[PDB]
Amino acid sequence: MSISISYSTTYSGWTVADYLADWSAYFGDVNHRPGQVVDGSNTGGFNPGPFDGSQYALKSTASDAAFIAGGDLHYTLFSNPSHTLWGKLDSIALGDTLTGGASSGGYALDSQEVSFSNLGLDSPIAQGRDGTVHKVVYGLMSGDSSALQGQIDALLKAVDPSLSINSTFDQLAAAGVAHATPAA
């Protein structure tokens, strides 16, 4: 099935490009980089983990922002090719206030803003950090939603060539691809 999007009515008249640009700058950069992952503050986590799962989730350093990546995900840690997220990425959910974890049976957001699902991305381990899955999620970690934007743009075009990353959420809804929250 094709990409499916959830958005809060707040963003009805926003474009996906405007939204993701604003969100990524709001989430910022957790500085997850060589020599800068020295404790648990910026690792994120996997469910069930320790380095694989159906979710990877990460909270912003200085805001309440967070995302959950959903799929069939794997992380190489120190093993060649080192620090590669690979596997299947089905969903990215963006919002505020991450809760839970492996110990409680899953991650959740208290307040989801927007989600993209049925992304259908699938990168093999041997592609290392050049894998699309890696670049999409690592981009979110480091305050750059470019890779995610590109993949959403492609998926949208494949549905209907009038759709793009620059469409409004309401347009995507009209085109059958997105759905506004009934709330509040």
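What we label the rigid core is the largest C-alpha set whose atoms superpose within 1.5 Å from one form to the other. Residue numbers here begin at 1 and follow the sequence given.
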item: RMS Cα shift after core superposition in 6 other deposited structures of this protein, winner of 94-102 and 81-89; value: 94-102
item: Higher C-alpha RMS shift from the shown form in 6 other deposited structures of this protein - 147-155 or 40-48, rigid core fit; value: 40-48
item: Stretch with the higher entry mean CA B-factor, where the candidates are 120-128 and 154-162; value: 154-162
item: Entry-level comparison of average CA B-factors, 22-30 and 47-55, reporting the higher stretch; value: 22-30
item: Within-chain third of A147 by Cα B-factor, per the entry; value: highest
item: For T61, the third of its chain into which the C-alpha B factor falls; value: highest
item: Within-chain third of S79 by Cα B-factor, per the entry; value: lowest
item: Position of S103 among the chain's modelled residues by C-alpha B-factor, lowest, middle or highest third; value: highest
item: Third of the chain's Cα B-factor distribution that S91 belongs to, per the entry; value: lowest
